[PDB]
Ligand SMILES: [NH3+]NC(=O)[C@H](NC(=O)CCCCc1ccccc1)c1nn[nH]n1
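Before any questions on how it binds or moves, here is one chain, the form deposited without the ligand, in structure tokens.
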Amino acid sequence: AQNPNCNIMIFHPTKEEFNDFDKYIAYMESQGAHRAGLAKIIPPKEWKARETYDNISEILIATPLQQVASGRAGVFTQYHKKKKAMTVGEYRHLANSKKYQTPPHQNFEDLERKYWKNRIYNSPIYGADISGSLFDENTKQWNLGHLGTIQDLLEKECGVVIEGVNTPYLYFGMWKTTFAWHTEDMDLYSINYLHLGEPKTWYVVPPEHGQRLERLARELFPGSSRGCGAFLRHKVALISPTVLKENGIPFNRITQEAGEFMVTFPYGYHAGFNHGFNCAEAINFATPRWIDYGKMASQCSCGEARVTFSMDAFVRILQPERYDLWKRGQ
């Protein structure tokens, strides 16, 4: 079996290999990439997402979110406090201000140390889940707005036509902006392109060991776990690498830089943080291999996990037994 230790693999496709998205995902899996839960793809030197990022300042972040932490440095939850709308230009200025700017640091490891030591004592602001794309329409390879839809995949595999659309989202981040431990909706794949700015550090648990993280999360967040048997779907829980190590949880870490893609694989738990001002674009996608994960995905029915109406059809068709209860939660 390929990649038995579940290491994060990094790929350098040629322009030729970059010409068929689906084929290259399958290729990566043939090499065992999915066992890690996360892979990095460095685009060929010939490729570009768009010409320049000189004209993005007028994008609106309708509802910036302040991420307020509760708990201890290595084991905390965060809630999202809504803030007044601002443009990307205004946001960039705020990110670079003395209050929010990245501290001096020696390297990525040093900054990681500072993050886990100090994150809870600050409340960074970020723009999340902004429908839109920064790929040029003329970018023909790995354009996240031009991928095949999950609805078409489900139709092709299962024969059923369903409503729903599948469009990309933008994220604007700053130092200490935090992504909580989660898998994707319906344990889908995701792909994330870092368009501009400072890095993102990722942590990931191999899919085969997802239940180990869930078990630890139940132990570390007992109140939340009592409230909901899939509370990680709420996307509020953080656990540091130190605590994961102490508890023997298998995981890996990697830093994504501007111009790099990251793919998360079905049931790959991941979390991370931004190093400073940046802009990323992400979208969920599916392959034939996803279907069996979709059928088995745990669901939040307690009301907390709010998702797009596009997920309705996936639960309805793949998980009919769970549908009524889940629907009540929405």
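Just count from 1 along the sequence shown to find any residue number. Just so we're on the same page, rigid core means the largest C-alpha set that superposes within 1.5 Å between forms. Only residues modelled in both forms are compared.
Beyond the structure shown, there is the form solved in complex with the ligand, which is absent from this document and is the topic of what follows.
Although the partner is absent here, residue 270 lies within 4.5 Å of the ligand in the deposited bound form, judged by heavy atoms. The ligand in the deposited bound form comes within 4.5 Å of no heavy atom belonging to residue 133. Taking the ligand as it sits in the deposited bound form, the stretch 155-192 comes within 4.5 angstroms of it through a non-hydrogen atom at 171, 179, 182, 184, 192. Superposition on the rigid core leaves 306-310 as the sole run of at least three consecutive shared residues whose Cα positions differ by 2 Å or more between the shown form and the other one.
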